[PDB]
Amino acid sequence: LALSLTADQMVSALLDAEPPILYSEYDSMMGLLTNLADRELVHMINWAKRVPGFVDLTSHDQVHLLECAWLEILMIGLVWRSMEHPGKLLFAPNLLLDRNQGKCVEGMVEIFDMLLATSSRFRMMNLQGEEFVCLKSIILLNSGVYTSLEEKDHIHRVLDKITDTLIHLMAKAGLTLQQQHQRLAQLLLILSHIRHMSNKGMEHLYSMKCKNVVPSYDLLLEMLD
């Protein structure tokens, strides 16, 4: 049924599944970042269930995709909220942090710097929230797909649908065929830098280890049920 969606219905569904903007619990820096990230994880589960073609997959497959993508998804949301705040990361509306505040934690300013650069690449492209929910979904289905045959064909048909959607959004905003091609690529090439940031960030979270730091296969299996 998700394969039957028009471009507009795809965006309407993705825009209507958006998670809400959470606030940072205080009224220690690793503490606020960690607690916030745990709380957005809960909302990300119910976001992912609403991504079209996601619940068409077995729960095993659903959780492998979330396991591979959760940090990328957390990060692309951070970068989106941060577009209109050059030089700062809008973790929460009461947690806007600058490059200098990354230095309070050994290891973080490197990820902080990569997130800022992605945020200004979205600013200098004037990334639209319709395109952004598209990329966020692309990340969900794409980042673990390559690890049975009916499942990865269906995922690749839904990913072909979101490509159609990105092209449609670009045609309706007036861009020529050529500008449509180029913008799609520039948007998708940024996903590979987002992958790099997730990997480096994952890497920091194990040196960071206060133990049981990262969402395990079984924890994620419970939250979707």
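In this text, residue numbers run from 1 along the sequence as written.
Omission of residue 204 is seen in none of the other entries compared for this protein where the adjacent residues are built, far below a third. Among other deposited entries of this protein with both flanking residues present, at least a third omit coordinates for residue 27. The entry models residue 101 and residue 102 with no unmodelled deposited residue separating them. According to the entry, the deposited sequence runs straight from residue 38 to residue 39 with no unmodelled residues in between. As recorded in the PDB entry, 170-178 is the stretch of 185-193 and 170-178 with the greater mean C-alpha temperature factor. Higher mean CA temperature factor between 116-124 and 149-157: 149-157, per the PDB entry. The entry assigns its greatest Cα B factor, within the set 202, 210, 21, 13, to 210. Annotation for residue 59: CA B-factor lies in the highest third of the chain's modelled residues.
Looking at the C-alpha B-factors along this chain, the one for residue 162 belongs to the lowest third. In the deposited entry, the Cα temperature factor of residue 42 sits in the middle third of values across the chain's modelled residues. In the deposited entry, the Cα temperature factor of residue 129 sits in the bottom third of values across the chain's modelled residues. When the modelled residues of the chain are ordered by C-alpha B-factor, residue 106 sits in the highest third.
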